[PDB]
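S.K.: Let me begin by handing over the structure; questions about it come next.
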Amino acid sequence: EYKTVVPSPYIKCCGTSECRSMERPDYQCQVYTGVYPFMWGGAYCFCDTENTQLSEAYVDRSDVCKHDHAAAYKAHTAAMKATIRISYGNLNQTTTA
Amino acid sequence: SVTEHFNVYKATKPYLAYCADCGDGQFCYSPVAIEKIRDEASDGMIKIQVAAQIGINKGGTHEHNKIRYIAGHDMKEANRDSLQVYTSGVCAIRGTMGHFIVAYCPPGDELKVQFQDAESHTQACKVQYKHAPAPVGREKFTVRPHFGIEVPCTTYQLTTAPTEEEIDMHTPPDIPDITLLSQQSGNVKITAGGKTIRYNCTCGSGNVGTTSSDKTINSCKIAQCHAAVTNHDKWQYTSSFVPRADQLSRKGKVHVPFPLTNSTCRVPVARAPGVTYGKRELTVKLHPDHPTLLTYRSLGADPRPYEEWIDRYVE
Amino acid sequence: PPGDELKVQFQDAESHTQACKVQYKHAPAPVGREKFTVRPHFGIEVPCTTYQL
Amino acid sequence: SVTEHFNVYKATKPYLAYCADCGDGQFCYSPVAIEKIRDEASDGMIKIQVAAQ
Amino acid sequence: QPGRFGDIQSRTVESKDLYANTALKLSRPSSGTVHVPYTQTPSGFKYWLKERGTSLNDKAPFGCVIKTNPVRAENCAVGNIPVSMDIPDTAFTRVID
Amino acid sequence: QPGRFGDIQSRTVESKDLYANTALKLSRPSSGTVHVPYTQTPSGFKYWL
Ligand SMILES: *[C@@H]1O[C@H](CO)[C@@H](O[C@@H]2O[C@H](CO)[C@@H](O[C@@H]3O[C@H](CO[C@H]4O[C@H](CO)[C@@H](O)[C@H](O)[C@@H]4O)[C@@H](O)[C@H](O)[C@@H]3O)[C@H](O)[C@H]2NC(C)=O)[C@H](O)[C@H]1NC(C)=O
Ligand SMILES: *[C@@H]1O[C@H](CO)[C@@H](O[C@@H]2O[C@H](CO)[C@@H](O[C@@H]3O[C@H](CO)[C@@H](O)[C@H](O)[C@@H]3O)[C@H](O)[C@H]2NC(C)=O)[C@H](O)[C@H]1NC(C)=O
Ligand SMILES: *[C@@H]1O[C@H](CO)[C@@H](O[C@@H]2O[C@H](CO)[C@@H](O)[C@H](O)[C@H]2NC(C)=O)[C@H](O)[C@H]1NC(C)=O
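Protein chains in written order, with the deposited numbering: chain A, 50 to 146; chain B, 1 to 315; chain C, 106 to 158; chain D, 1 to 53; chain E, 196 to 292; chain F, 196 to 244.
Given below as structure tokens:
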């Protein structure tokens, strides 16, 4: 399983930023202009449409790939080993070869 | 013990996030906004992350009966016996630590977490979740039997020890509030409720907000003016529903308890089927208490495997 | 939620519970083209009819 | 009445038994260990035997 | 491919490079809300887990019993095992006795 | 036969002799538990009902 890491977005109040590509698997970055977010106490930013929010998300190995994972293999040259009992005359022994 | 395991949270603070469905059919701003449910346990346990912190009081100390959260600006209190988890019926909670709750839940279509508020109100957050745990072994049982066999599985350990898995922590952002303003002739007052309040006024001086109460000369009144609380001494979790304060590296660091550990679960054993021997025929009576898997294959060169889940009596 | 009955109860002044149960097909039709049960945190708005509070 | 009908139990005592699933997913030793449930009723009534009195 | 087994791939458990193809998408936030909307393909690992079906143990020919640690097939009833024998004199008995 | 109509049979309501074929089985108790494990075929009467 993967893990989609979505950090808190940077909201540029009455300003503008640029997306910076990073070396992250399945990386996405988006700058949205004209945002007017709200909080519980009221409006977060100051202007009406002069604002940008930076959306960033990526895929990372889950915390339990170390525990929960499936392995893809190639199988060839199967080696056979068998357990045999030899009991003749007075002896009665078991060996593996 | 529990104290040197909970001391990691005191440096943190609960947060208020946007929950799209708070029990009823509408959004509101609740302290139990569910962030992410983790389901890595083979026995059906699920982990729920909530906005409120469970087991920590107003000061920061550890109790087994208090839940701290955000109601406006000030931290407040809640009791633990009222935390409940709902999917289709009532879920069995096995352990709570801060933002994280683990519980045993029946199969369901939703995941609701609610507690009783200090205002005697009920505050909940509802999300959509496919909770359809896979069977452990070959019998689709729901209740652990009193006899059977043990089958290995994965489970969350009920310990508070720190683990490699953790969650990001950072400084809280600016928190605006319209009520921190009152319109007065000339000197518009910004009631200084809190530690530090920032303002910026088009007609007035604006600039930095500093602290304490100030009497800003301006005719803009409430309009062209608003204030936000800043410099929170504690820390927030970088939730997806809260704006980022800044493009800097994270500040605090909090682990995720209840690590996945190897374990085994008792499973029921089906009754031996009744076999009548026909001439190179095999007929069996199947009496399952629950959906039971019947499997056979030929021992020769060309096998003919079978599959069928048995829920009633069949032949 | 979707159900087969409709029970309404209150706690009586005698600390008793007084209820009334009736049979009702409560199977609401989907709003739009997805059979969802929980309002999401993002999406699109579809017109509908509601009771004003 | 009820008193000369309950006088039969005074000479008895409740017991603690092994319940394999006490709400949560694990066993413990509870005073409501269910022994047998009987459904001889055509109207849907069931009888539950518990450890406590 | 996203949504199937192998949507994310890692060469080793101690691998630093991770390949991820989950068709992650970003979209405008709604007005007056800070939520970082994103739509992404669900994990193909869980899809495989609940669509795997039965393993090789349930379909192996010749009554093979498949175990892991290490991956092996035991007690398969097929073929012959040639035997070469080197018996000393001590084992045998004389016809005089 | 167990699990079908007539799994247990009695000639009369006042009969003292009772025939029962329910394939009752007994098995080891688990370690540290007193529960008398047993597995038995369900009643054929309720199945017929
Ligand atoms: C549940 O219990 C499982 C069994 O104890 C745990 O899985 C074990 O986890 C350890 C540590 O991560 C793994 O150790 C690795 O071993 C590899 C080599 O692979 C194995 O194969 C060789 C033969 O080539 C064989 O001799 C050994 O079994 C090897 O360990 C090393 O190269 C690594 O450095 C590392 O030591 C075990 O492989 C793994 N066991 C198995 C059978 O997968 C599991 O972590 C536990 N999960 C929990 C705690 O929930
Ligand atoms: C403190 O608030 C002042 C206003 O009191 C904010 O000033 C605002 O600054 C933004 C800068 O982006 C101006 O928006 C636009 O500027 C762009 C420049 O590319 C231009 O294309 C648009 O036409 C628009 O003007 C905005 O006009 C300006 N408002 C003013 C000067 O009244 C300032 O950003 C705030 N500073 C803090 C504390 O954040
Ligand atoms: C040789 O000795 C071994 C080990 O004592 C015998 O193995 C046991 O044989 C008897 C039954 O014949 C029992 O004690 C066990 O069922 C056997 N144990 C096994 C199969 O591991 C073995 O049969 C002897 N072989 C000979 C004399 O041919």
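Each residue gets a CB set at the ideal place from its N, CA and C atoms; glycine is no exception.
Would you say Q128 of chain B faces chain C, with C-beta separation under 8 Å as the test?
M.R.: Chain C, which has a Cβ nearer than 8 Å to the Cβ of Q128 of chain B, makes this yes.
S.K.: Taking the beta strand (DSSP E) that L244 of chain E belongs to, which residues open and close that run?
M.R.: Unbroken run through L244 of chain E is the alpha helix (DSSP H), 239-244; no beta strand (DSSP E).
S.K.: When you check each C-beta in the stretch 142-174 of chain B against every C-beta of chain F, which residues fall closer than 7 Å?
M.R.: If the cut-off is 7 Å between Cβ atoms, the stretch 142-174 of chain B has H146, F147 near chain F.
S.K.: By Cβ distance below 6 Å, which residues in the same chain neighbour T234 of chain F in space, the five residues on each side in sequence not counted?
M.R.: Hits under 6 Å: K220.
S.K.: At 8 Å on the CB atoms, spell out the chain C contacts of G25 of chain B, in chain order.
M.R.: What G25 of chain B touches in chain C: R144.
S.K.: For a contact defined as C-beta to C-beta under 8 Å, what are the partners of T143 of chain A on chain E?
M.R.: Those do not exist, as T143 of chain A stays about 15 Å from chain E at its closest Cβ, beyond 8 Å.
S.K.: May I ask you to list, following chain order, the residues of the stretch 223-245 of chain E that have a beta carbon less than 7 Å from some beta carbon of chain C?
M.R.: If the cut-off is 7 Å between Cβ atoms, the stretch 223-245 of chain E has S225, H230, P232 near chain C.
S.K.: Tell me which residues pass a beta-carbon proximity test against ligand 2: closer than 5 Å to any heavy atom, given in chain order.
M.R.: Listed along the chain, these residues meet the criterion: A:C63, A:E99, B:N200, B:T202.
S.K.: Of all the alpha helix (DSSP H) runs that stay within the bounds of the stretch 209-289 of chain E, which reach a length of 4 or more residues?
M.R.: The qualifying runs are 239-244.
S.K.: Just to confirm, is the Cβ distance from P86 of chain A to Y107 of chain A under 8 Å?
M.R.: Cβ atoms of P86 of chain A and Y107 of chain A: not closer than 8 Å.
S.K.: Residues of chain B with CB under 7 Å from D39 of chain D, in chain order?
M.R.: None at all; the shortest Cβ gap to chain B is about 16 Å.
S.K.: Would you say the beta carbon of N252 of chain E comes nearer than 7 Å to a heavy atom of ligand 1?
M.R.: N252 of chain E: no, Cβ never under 7 Å from ligand 1.
S.K.: Who's in the neighbourhood of ligand 3, going by beta-carbon under 5 Å from any heavy atom, listed in chain order?
M.R.: Answer in sequence order: A:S136, A:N141.
S.K.: Report the neighbours of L219 of chain E on chain A: residues whose CB is nearer than 9 Å to its CB, in chain order.
M.R.: Neighbours of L219 of chain E on chain A, chain order: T53, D75, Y76, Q77, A106, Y107, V108.
S.K.: Find the residues of chain A that neighbour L213 of chain E, judging by a C-beta separation of less than 7 Å, and give them in chain order.
M.R.: Residues of chain A passing the Cβ test: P74, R110.
S.K.: At the 8 Å Cβ level, is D302 of chain B part of the contact set with chain E, yes or no?
M.R.: Closer than 8 Å to some Cβ of chain E, the Cβ of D302 of chain B qualifies, so yes.
S.K.: Quick check on this structure: which residue in A:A146, A:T98, A:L140, A:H125 has the alpha carbon closest to the alpha carbon of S279 of chain E?
M.R.: Among A:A146, A:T98, A:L140, A:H125, the Cα nearest to that of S279 of chain E is on A:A146.
S.K.: Take the Cβ of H125 of chain A as the centre, count every other Cβ of all protein chains shown within 10 Å, and call the residue buried at 16 or more, exposed below.
M.R.: So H125 of chain A counts as exposed.
S.K.: By the three-class DSSP mapping on this structure, what secondary structure does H5 of chain B have?
M.R.: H5 of chain B: helix per DSSP, three-state reduction.
S.K.: Mind listing the chain A neighbours of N200 of chain B? Cutoff is C-beta to C-beta under 8 Å, in chain order.
M.R.: The contacting residues are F95.
S.K.: My output table needs one value for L180 of chain B: the three-state DSSP class, helix, strand or coil.
M.R.: In the structure shown, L180 of chain B sits in a helix (DSSP, three-state: H, G or I).
S.K.: Report all residues from its chain with a CB closer than 8 Å to the CB of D43 of chain D; omit the five preceding and five following residues, and keep chain order.
M.R.: Nothing meets the Cβ criterion.
S.K.: Counting C-beta neighbours from all protein chains within 10 Å, is the total for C68 of chain A 16 or more, i.e. buried, or is it exposed?
M.R.: With fewer than 16 other Cβ atoms within 10 Å, it is exposed.
S.K.: To the nearest whole angstrom, what separates the beta carbons of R297 of chain B and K211 of chain E, a pair I think is in contact under 8 Å?
M.R.: Between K211 of chain E and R297 of chain B the Cβ distance is about 43 Å, and since that is not below 8 Å, they are no contact.
S.K.: Give me, in chain order, the residues of the same chain whose beta-carbon lies closer than 7 Å to that of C201 of chain B; leave out the 5 immediate sequence neighbours on both sides.
M.R.: Counting only Cβ-Cβ distances below 7 Å, and skipping sequence neighbours, we find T216, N218, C220, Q224, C225.
S.K.: List the residues of chain E whose Cβ lies closer than 8 Å to the Cβ of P243 of chain B, in chain order.
M.R.: What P243 of chain B touches in chain E: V229.
S.K.: Sorted by chain position, which residues of the same chain lie with C-beta nearer than 6 Å to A52 of chain B's C-beta, five sequence neighbours on each side aside?
M.R.: Counting only Cβ-Cβ distances below 6 Å, and skipping sequence neighbours, we find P14, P31, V32, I67, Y69.
S.K.: Name the chain I residues whose beta carbon is nearer than 8 Å to that of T295 of chain B?
M.R.: Protein chains A, B, C, D, E and F are contained in the structure displayed, whereas chain I is not.
S.K.: Is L260 of chain B near ligand 1, going by C-beta to nearest heavy atom under 7 Å?
M.R.: Checking every heavy atom of ligand 1 against the Cβ of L260 of chain B, one is found closer than 7 Å.
S.K.: Counting only beta-carbon separations shorter than 8 Å, does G198 of chain F have a partner in chain B?
M.R.: It does; some Cβ of chain B falls within 8 Å.
S.K.: Can you pull the chain B residues whose beta carbon is under 7 Å from the beta carbon of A20 of chain D, in chain order?
M.R.: Simply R144, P145, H146.
S.K.: Strictly below 8 Å CB to CB, what residues from chain E border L299 of chain B?
M.R.: Here the neighbours are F257, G258, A272.
S.K.: Opposite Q84 of chain B in the DSSP bridges: which residues?
M.R.: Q84 of chain B pairs with B:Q114.
S.K.: Could you please give me the residues that DSSP links to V84 of chain A through a beta bridge?
M.R.: In DSSP, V84 of chain A forms no bridge with anything.
S.K.: For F241 of chain B and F141 of chain B, I'd like the C-alpha separation in whole angstroms.
M.R.: For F241 of chain B and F141 of chain B, the distance between alpha carbons rounds to 38 Å.
S.K.: Using DSSP bridges, identify the partner residues of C28 of chain B.
M.R.: Paired residue(s): B:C19.
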